[PDB]
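Next up is one chain by itself, shown in structure tokens, the form deposited without its partner chain.
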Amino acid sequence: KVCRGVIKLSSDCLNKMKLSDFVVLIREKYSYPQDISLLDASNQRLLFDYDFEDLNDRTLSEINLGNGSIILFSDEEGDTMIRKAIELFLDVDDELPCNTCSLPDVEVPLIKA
């Protein structure tokens, strides 16, 4: 299975938030390792991993994420245990306050790989 949560994003935030920053944010918040995978689970697009950082400087809307997109964020260092993967639903809401990017407080445990 997978952990699940909703990200509350303002519209202006999807349009300004850089992918590189989004990755750091999710990694640190839920304690993933350095090597990670970020996939659009909606349409199965590998958007970022520890080997494909080419869209680093693009914003979230520039890589075609939007309201209702589901992102799957995985642990790719995965020696023996891994940080459990999480599926995050992007809730782009009007009118959330400007520059809102609220990540859900979810429990993401270590599990056997």
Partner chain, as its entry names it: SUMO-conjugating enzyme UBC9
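Numbering follows the first chain given and starts at 1.
Although not depicted, the form solved in complex with its partner chain is the subject of the following passage.
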Problem - Proximity of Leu60 to its partner chain in the deposited bound form, heavy atoms at 4.5 Å - result: no
Problem - 4.5 Å heavy atom contact, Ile71 and its partner chain in the deposited bound form - result: no
Exercise for the section: Would you please decide whether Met81 lies within 4.5 angstroms of its partner chain in the deposited bound form, comparing each non-hydrogen atom pair? Expected result: no
Handout entry: Non-hydrogen atom contact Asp51 with its partner chain in the deposited bound form at 4.5 angstroms
Key = yes
Handout entry: 4.5 Å heavy atom contact with its partner chain in the deposited bound form for all of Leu9, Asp21 and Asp91
Key = no
